[PDB]
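A.B. asks: Take this structure first; my questions come after.
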Protein chains: 4
Amino acid sequence: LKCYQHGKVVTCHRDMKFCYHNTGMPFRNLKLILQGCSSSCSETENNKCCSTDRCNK
Amino acid sequence: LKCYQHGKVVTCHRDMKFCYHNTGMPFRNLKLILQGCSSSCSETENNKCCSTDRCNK
Amino acid sequence: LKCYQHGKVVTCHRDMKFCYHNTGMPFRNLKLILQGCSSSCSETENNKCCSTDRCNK
Amino acid sequence: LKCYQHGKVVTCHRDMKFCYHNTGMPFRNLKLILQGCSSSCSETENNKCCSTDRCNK
């Protein structure tokens with residue numbers, strides 16, 4: 001599986017079956033963007049994990 | 001002072017002298033974007049530091 | 001005023017009037033800790049801010 | 001497998017074969033701590049992944 005990872009495309013390790021993209025905002029002044037290969041998502045984030053090449057732009 | 005802060009304008013606290021925009025990248029998969037008011041700021045350590053209203057878009 | 005900043009004690013600049021400790025947990029595995037001197041400590045609750053020297057843990 | 005995850009002990013999904021603990025520090029005031037169940041580590045982080053219950057405490 002290949003995933004976007006901030007302007008690189010990367011091949012996931014064998015045990016990482018998902019691509020992931022999500023954006024968080026822990027503090028008023030801070031936005032963070034997590035994007036890459038991943039393991040399975042929590043129940044609450046199932047839509048953030050996808051399992052086809054480059055699915056996580 | 002008023003500053004941009006992630007798609008909105010905020011009024012800084014009365015003693016804060018700068019607006020800023022900054023980013024970090026601690027890991028290959030994780031980007032951080034910081035934007036708002038600050039009390040101190042060195043332009044060389046930010047994308048931008050300025051001291052007029054809304055200067056940090 | 002003096003505050004903790006991640007196992008350093010810092011002396012606040014004159015425009016940084018409280019000590020601050022906030023944490024965020026945007027994703028299940030990722031914790032962010034923001035700690036130091038602040039004037040963004042401008043609610044009137046001792047939620048993220050505390051007033052007394054070295055109060056912020 | 002069970003792992004610590006920021007003051008919780010959690011049971012990993014079947015596709016997560018490791019417990020993980022790591023940190024980053026992009027700014028003097030901001031610490032990041034990654035802790036939980038994980039997939040395999042990169043080569044540079046081999047010591048950050050372990051395979052026994054609660055090993056990333």
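Labels for the structure tokens follow display order: chains A, B, ..., residues from 1 in each chain, ligands from 1.
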Give me, as a PyMOL selection string, the residues of chain A touching chain B, with the criterion being at most 6 Å (counting only C-alpha atoms).
C.D. replies: chain A and resi 5+29-36
A.B. asks: Which residues, written as a PyMOL selection string, have at least one atom at most 12 Å from residue 52 of chain C, with only C-alpha atoms counted and residues fewer than 6 positions away on the same chain left out?
C.D. replies: chain C and resi 1-4+17-20+37+46
A.B. asks: Could you save those same residues with C-alpha atoms as an mmCIF file, in the first residue's frame?
C.D. replies:
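For reference, part-v3.cif as written:
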```cif
data_model
loop_
_atom_site.group_PDB
_atom_site.id
_atom_site.type_symbol
_atom_site.label_atom_id
_atom_site.label_comp_id
_atom_site.auth_asym_id
_atom_site.auth_seq_id
_atom_site.Cartn_x
_atom_site.Cartn_y
_atom_site.Cartn_z
ATOM 1 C CA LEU C 1 7.603 35.655 37.725
ATOM 2 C CA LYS C 2 9.165 32.246 37.223
ATOM 3 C CA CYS C 3 7.434 29.251 35.618
ATOM 4 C CA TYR C 4 8.255 25.664 34.648
ATOM 5 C CA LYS C 17 2.036 37.495 33.402
ATOM 6 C CA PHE C 18 0.937 33.892 34.403
ATOM 7 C CA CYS C 19 2.318 30.349 34.307
ATOM 8 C CA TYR C 20 0.596 28.006 31.834
ATOM 9 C CA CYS C 37 4.898 31.724 30.864
ATOM 10 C CA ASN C 46 -7.255 29.022 36.932
#
```
A.B. asks: Mind running a least-squares superposition of chain C onto chain D over all the C-alpha atoms, in order, and reading off the RMSD?
C.D. replies: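 Chain D versus chain C: RMSD of 1.8 Å.
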A.B. asks: Please run DSSP on the backbone and report, as a ChimeraX atom specification, all residues within chain D that come out as strand (DSSP E).
C.D. replies: /D:2-4,9-11,18-27,30-38,49-50
A.B. asks: Report, in Å to a single decimal, how far apart atom CA of residue 55 of chain C and atom CA of residue 7 of chain D are.
C.D. replies: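 Spanning atom CA of residue 7 of chain D to atom CA of residue 55 of chain C is a straight-line distance of 22.1 Å.
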A.B. asks: Between atom CA of residue 44 of chain B and atom CA of residue 40 of chain C, what is the spacing in Å?
C.D. replies: 22.7 Å
A.B. asks: Closest to residue 8 of chain B among B:26, B:47, B:57, B:38, using only C-alpha atoms?
C.D. replies: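 Ranking B:26, B:47, B:57, B:38 by distance to residue 8 of chain B, first place goes to B:57.
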A.B. asks: Using backbone DSSP assignments, extract all helix (DSSP H, G or I) residues from chain A; output them as a ChimeraX atom specification.
C.D. replies: /A:43-48
